[PDB]
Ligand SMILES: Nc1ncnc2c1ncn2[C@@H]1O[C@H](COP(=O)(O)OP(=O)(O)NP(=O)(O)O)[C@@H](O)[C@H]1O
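One chain follows as C-alpha cells, the form deposited without this ligand.
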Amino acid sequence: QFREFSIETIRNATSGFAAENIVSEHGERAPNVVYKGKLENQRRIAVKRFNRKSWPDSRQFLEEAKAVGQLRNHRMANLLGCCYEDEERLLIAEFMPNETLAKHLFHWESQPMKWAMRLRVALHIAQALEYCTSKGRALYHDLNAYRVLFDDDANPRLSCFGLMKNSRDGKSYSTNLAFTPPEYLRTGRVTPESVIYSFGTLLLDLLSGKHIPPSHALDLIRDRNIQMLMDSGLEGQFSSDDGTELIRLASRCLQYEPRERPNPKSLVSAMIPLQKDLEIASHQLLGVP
C-alpha cells in the first residue's frame, strides 16, 4: 500500500543521499535525480529526490504522488510511497537491479542487445503504457531509454517516476527538443498522444542502437534506407519484413498529427507478431545473471 516515509528513514536508506547511490543519468544537480537505497526491512528502493522549489506545495505533491501510487502493474517499476518532510519531496519506488535500457542498448560490453530482447522491451513497455492510460495516467514525461528499467528477472519495466513532472511549473529541458513531439514545441504541454511520439523515439533507439534524432531517422525512412537506419549489430537476427514492420510502427508513432498516432492497444497488437524467442528467459536474452 502507498505509504509515507520520514526523511530520516530515507537518509538512512541512501547513506545520506550518497553520490555513488545515484542511479539516474544526469548526476546530482539535475531535475531528475534518483538514488538507490535499502530500508530496514531489507527492501531495496529507488528514491527520486526532487529539487527544492519544484513541488513546493506539499498538498499538491502528495495528491500527485498518491495518484501515481494507486497504479500497480507488472510492467511498471511501481511507486511504493513518498516523503514530504522538511522541504524534501521524494518518490520511493521498487528498485530495479538490472539497470536501464540505455545501459544494455547503448553501453553494451559483451555484445549488442539481441533483437528478440529489443522487441520484448518494445512490447512490454507498450503494455505498461496501456496500463497507465487505463488508470487515468496517460501523461508520461521524458520517456526514453533511461526510463526503461530491468527487474530482478531481467524483465523490462517502465519507471513510474515519469508519470509526474519534475516540477509543477518549472520548464524542464529533460528531453532535448529534437526528441519532443511537435505539439510540445507549439504549446509547451504534454498530451496522451505525446507519449506515443516518445514511444516512437524508443522504437528508433531500439532499431538503430543509438538515440537517433527523429528528423534524421525520418529522412532515412522516407528514403527507405533501412540499412543506414538499422543497427549493424543486429545483422542476421531479423527478417526484412519484421524490421520494416517495426519501422512502420515507429513512423505511425512519429506522425505530426497526434490523432494519427496509434493508441496503446494498437501498439501492443502490432508488436505481437514481431516477438522472437518467446521461450527464452529475459536474463538469458539480456545476458545478465
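A residue's number is simply how far along the shown sequence it sits, counting from 1. Only the largest set of C-alpha atoms that superpose within 1.5 Å between the two forms is called the rigid core.
Higher-scoring stretch by recorded Cα B factor average, 142-150 or 106-114: Stretch with the greater average CA B-factor: 106-114.
Segment of higher mean CA temperature factor, 273-281 or 21-29: If you average the C-alpha B-factors of 273-281 and of 21-29, the larger mean comes out for 21-29.
Highest recorded Cα temperature factor - choice among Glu183, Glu94, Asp205, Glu130: Of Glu183, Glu94, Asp205, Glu130, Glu183 has the highest C-alpha B-factor.
Among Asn225, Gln237, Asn263, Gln60 - the residue whose C-alpha B-factor is largest in the record: Highest C-alpha B-factor among the listed options: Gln237.
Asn98, C-alpha B-factor rank within chain (lowest, middle or highest third): It falls in the middle third of the chain.
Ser251 - Cα temperature factor, lowest/middle/highest third of chain: Within its chain, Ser251 is a lowest-third residue by C-alpha B-factor, going by the deposited values.
Relative C-alpha B-factor of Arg259, binned into the chain's lowest, middle or highest third: Highest third.
Ranked against its chain, the third holding the CA B-factor of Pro214: For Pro214, the deposited C-alpha B-factor lands in the middle third.
Ranked against its chain, the third holding the CA B-factor of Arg75: Lowest third.
Another form exists, deposited with this ligand bound; not displayed. Remarks below refer to it.
Candidate from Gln127, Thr133, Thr100, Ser208 lying within 4.5 Å of this ligand in the bound PDB entry - any heavy atom: Residue within 4.5 Å of the partner: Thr100.
This ligand: the contacting residue among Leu202, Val121, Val195, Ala77 in the bound PDB entry [heavy atom, 4.5 Å]: After the contact test, the surviving option is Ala77.
Stretch in contact in the bound PDB entry with this ligand, which is absent here, among 31-39, 227-235, 65-73, 252-260 (heavy atoms within 4.5 Å): Partner-contacting stretch among the options: 31-39.
Close approach of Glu94 to this ligand in the bound PDB entry, 4.5 Å, heavy atom: Taking the distances in the bound PDB entry, the answer for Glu94 is yes, it comes within 4.5 Å of this ligand.
Close approach of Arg147 to this ligand in the bound PDB entry, 4.5 Å, heavy atom: Contact with this ligand, yes.
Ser24 within 4.5 Å of this ligand in the bound PDB entry, heavy atoms: Answer yes; at least one heavy atom of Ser24 falls within 4.5 Å of this ligand in the bound PDB entry.
Contact of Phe161 with this ligand in the bound PDB entry (heavy atom, 4.5 Å): Yes, contact at 4.5 Å.
Candidates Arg222, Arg29, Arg59, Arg259 - which moves between this form and the one not shown, C-alpha at least 2 Å, core fixed: Among the listed residues, the one whose C-alpha moves by 2 Å or more is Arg29.
Threshold 2 Å Cα movement between this form and the one not shown for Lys171, core superposed: Result for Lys171: yes, a 2 Å-plus shift.
Shift in CA distance, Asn32 and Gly209, in the bound PDB entry relative to the form shown here, given it is 3 Å or more: Compared with the form shown here, the C-alpha atoms of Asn32 and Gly209 sit farther apart in the bound PDB entry, by 3 Å or more.
Comparison of CA distance in the bound PDB entry with shown form for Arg137, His26, at least 3 Å: Relative to the displayed form, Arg137 and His26 move farther apart in the bound PDB entry - a change of at least 3 Å between their C-alphas.
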